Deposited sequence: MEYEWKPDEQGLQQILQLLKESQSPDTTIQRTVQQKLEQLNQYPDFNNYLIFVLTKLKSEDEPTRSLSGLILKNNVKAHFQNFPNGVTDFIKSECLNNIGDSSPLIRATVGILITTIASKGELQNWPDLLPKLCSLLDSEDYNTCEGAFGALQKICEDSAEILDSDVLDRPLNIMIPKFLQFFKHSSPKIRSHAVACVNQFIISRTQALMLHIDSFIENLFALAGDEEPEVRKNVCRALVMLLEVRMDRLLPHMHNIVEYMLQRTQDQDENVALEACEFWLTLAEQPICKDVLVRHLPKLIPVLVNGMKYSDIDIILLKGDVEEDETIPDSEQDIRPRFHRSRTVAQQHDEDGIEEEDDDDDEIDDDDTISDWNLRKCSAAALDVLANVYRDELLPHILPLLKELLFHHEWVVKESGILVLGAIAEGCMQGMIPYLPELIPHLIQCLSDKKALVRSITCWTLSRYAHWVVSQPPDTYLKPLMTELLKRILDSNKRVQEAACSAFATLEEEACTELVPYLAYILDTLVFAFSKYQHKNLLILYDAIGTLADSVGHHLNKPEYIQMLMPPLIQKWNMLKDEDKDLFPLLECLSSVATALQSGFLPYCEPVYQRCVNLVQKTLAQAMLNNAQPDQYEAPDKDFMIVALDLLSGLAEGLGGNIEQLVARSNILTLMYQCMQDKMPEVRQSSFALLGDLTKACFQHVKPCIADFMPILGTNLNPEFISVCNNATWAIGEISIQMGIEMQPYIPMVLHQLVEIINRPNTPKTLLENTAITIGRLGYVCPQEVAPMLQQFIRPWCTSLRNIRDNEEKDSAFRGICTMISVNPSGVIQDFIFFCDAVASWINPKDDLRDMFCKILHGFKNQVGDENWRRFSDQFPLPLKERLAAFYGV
């Protein structure tokens, strides 16, 4: 290839490339940018890097890295035999004396294989594998580094047959290098093999025995990279293959218990993982016998902040988090059986005069809370007032962890008399929300949200107090916490409901919300807590939200509109245009449904001006279930609020509702059934033409195990409603349901729903009395839940019950009535008689 004039130009350009002052390097930044699109230039780059020994390491390496960026951006462009020249030069120089040159070459190869593509370098893998065998150590190491990077980057491409089947050659090749002299090499080998465990890729699986043997042979390797890789190997293996590990299990946990205490905290982390993974397996209890008593203290010891973190404070997975996690899981496995092991530890840690210890103790308390709750109940009356005291602790990390652990005992706290625990707890938590430290602000805010979730309407007496602090936070908050503050406020709204609406409360709350609202861009993810917060505030405030509605309504529909528009654009030009992030759509639909409910009937003026339904029609057809879900919720809410604007759309909508039942998605199925139910009421007899799309499915649903409570209730309700508007189809199906219908509906509060549904079961029963006879018990018991029926409903029940009585004959009505539980048989005579 050419040289010798432009060569000097490249040399000079690279010289200026590294220069002390910004001016020169910006000028050559421009020169570089312009030249970067010409292939000949790149030929010069690889030439300088590999072939020119005259130049210093830094310069060559820089040539290589600039070339590397040139691949990174617009590699697709430059023409073949150039690219092939680069490839060849790279592969011939892979082993190189200079560590820096070797690294550059590596990143080049790596970036070419990732970018241009794996198929587009056909001979790469076989070449690297042939290089592994080399007598030159450096070539061996560079080839192995490349292979490792390649395995990490694409496992899935490698396990596919698009490459043919490379792993079939590579994996057995890798296993032969576990025995290598160089620790770097062994490290590379087991690292490469590790990518393929969870996949259960054929090559590894068929060689599994070889693998595990060589793994054991490496167990005692001094070198921490090797130990660490072995540990990873054993964790993943544990996950995928229980069988081949079983015989060696005890020795293995003996080893892991040792690695967990390892001097090098990386090895220690990778080992500690093992307990997290083992606690998921069903045989855990059996394997952990006789290692458990040591294992727990070990985990409790790893749970204090490492010294580096103690310095940094006063972000990511560390020994402490893994230990804590493993302890939580275990405490869920052993439940109350763990307490004899934990209690002594807690006794020494909790009251300790060294705050790191105390902290790790409180952490332990929190972690074991879920699994050990029952066994811990006896000790709470002593502990909780102690934690409430800790929130006042001089050290911040103590305050925060205390907030969390208390939060984990919140349920027990609200289940007790409010003045002894709940009240102090709330006062002190509120104090801590305003804490001068941000970590404590976030922890306290989260805890408090947790508490609000746990005690609802119990908060009411204290509402003003709470608001006083909450809004004040608006002034003190750095916006990282501000989001947690929104979540706190939304949770407050959800918990106290309509008690939230008073002029002073709204005047206090709204301005700062509106403030952050105005100043957030439609592109900003931080909108999510803010709108999810308003969504709940609005449902809570109801009519009192009127002043603030128009602007928020508009913004939501805009958000939904832009996201849809962007989705289609992306669909059309996916290379030129980037996909929308549908979360904005979801949050926006949420807020919308949130106004539709509690503003209901007052959105009419707004909806009448909107394309909102034209958009919803698209949302329902979206591949992403959460969108469909929010969308059907909205459909129901509008259906209630203003039906006039829906009625046009019910023709197209219904078929869509009918293909969205699909109980595999619970929330979707639910919101869709609910929606249908809301349609029928407004549609009266006009619902006639389609039952048939929905019915068979609804019956299949209400009869399905194992179906979540709410889905079943909603199903029964809408079926009842369907039978209420259109008893002619519908009702002549029963005992296909109504066992489930009744068993479900009997557990629901008395309200508009199930008033509708029961009126429907009655007008359905007039039409097909034959079906309800087989089990009439379920219906009696259902009529019996019913503390306060509407007089009409009552009378219906009377007519039906008496009808049955006279029908079946008296006395043998009573042979039937004899299996009535006391309260049932009594209420039946009391309200109806009988």
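Where C-alpha coordinates are absent, the deposited sequence of this PDB chain has the segments 1 to 5, 320 to 370.
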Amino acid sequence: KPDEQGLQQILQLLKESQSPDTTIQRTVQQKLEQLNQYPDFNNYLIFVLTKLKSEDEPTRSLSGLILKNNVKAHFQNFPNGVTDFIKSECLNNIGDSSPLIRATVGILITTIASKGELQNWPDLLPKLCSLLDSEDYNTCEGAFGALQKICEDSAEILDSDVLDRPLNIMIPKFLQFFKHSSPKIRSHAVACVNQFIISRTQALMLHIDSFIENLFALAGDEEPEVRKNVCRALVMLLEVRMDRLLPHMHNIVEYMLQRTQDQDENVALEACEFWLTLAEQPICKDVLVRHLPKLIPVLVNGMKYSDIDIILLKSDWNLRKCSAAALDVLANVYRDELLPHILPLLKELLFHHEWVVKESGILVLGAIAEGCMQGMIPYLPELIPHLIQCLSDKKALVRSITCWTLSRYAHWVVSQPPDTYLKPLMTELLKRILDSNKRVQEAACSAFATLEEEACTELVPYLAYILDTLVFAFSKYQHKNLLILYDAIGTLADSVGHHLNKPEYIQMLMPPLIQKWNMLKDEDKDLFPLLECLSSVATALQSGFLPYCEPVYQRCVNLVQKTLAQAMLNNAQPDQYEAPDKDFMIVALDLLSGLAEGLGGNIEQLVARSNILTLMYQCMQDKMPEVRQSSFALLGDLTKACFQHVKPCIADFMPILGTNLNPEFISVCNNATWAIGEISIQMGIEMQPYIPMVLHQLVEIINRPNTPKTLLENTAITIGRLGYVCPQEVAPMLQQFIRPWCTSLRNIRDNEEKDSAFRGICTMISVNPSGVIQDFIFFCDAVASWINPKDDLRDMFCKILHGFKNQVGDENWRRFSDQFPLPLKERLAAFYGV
From here on, numbers count along this sequence of modelled residues.
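Between two forms, the rigid core is defined as the largest C-alpha subset superposing within 1.5 Å.
Displacement analysis by core superposition in 6 other deposited structures of this protein ranks 534 to 542 above the other of 212 to 220 and 534 to 542 in root-mean-square C-alpha distance from the shown form. Between stretches 174 to 182 and 373 to 381, the one whose Cα atoms sit farther from the displayed model in 6 other deposited structures of this protein on average is 174 to 182 (core-aligned, root mean square). Omission of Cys798 is seen in none of the other entries compared for this protein where the adjacent residues are built, far below a third. In the other compared entries of this protein that model both flanking residues, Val808 lacks coordinates in at least a third of them. Stretches 512 to 520 and 552 to 560 differ in mean CA B factor, with 512 to 520 having the higher one.
Stretch comparison (760 to 768 versus 437 to 445) by mean CA B-factor in the PDB entry places 760 to 768 on top. Each of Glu359, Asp159, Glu337, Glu239 has a CA temperature factor in the record; the biggest one is found at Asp159. Split the chain's modelled residues into thirds by C-alpha temperature factor. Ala331 is in the lowest one. Split the chain's modelled residues into thirds by C-alpha temperature factor. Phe211 is in the lowest one.
When the CA B factors of the chain's modelled residues are split into thirds, the value for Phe144 lands in the middle one. The deposited CA B-factor of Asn670 belongs to the lowest third of values across its chain. In the deposited entry, the Cα temperature factor of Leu62 places it in the lowest third of its chain's modelled residues.
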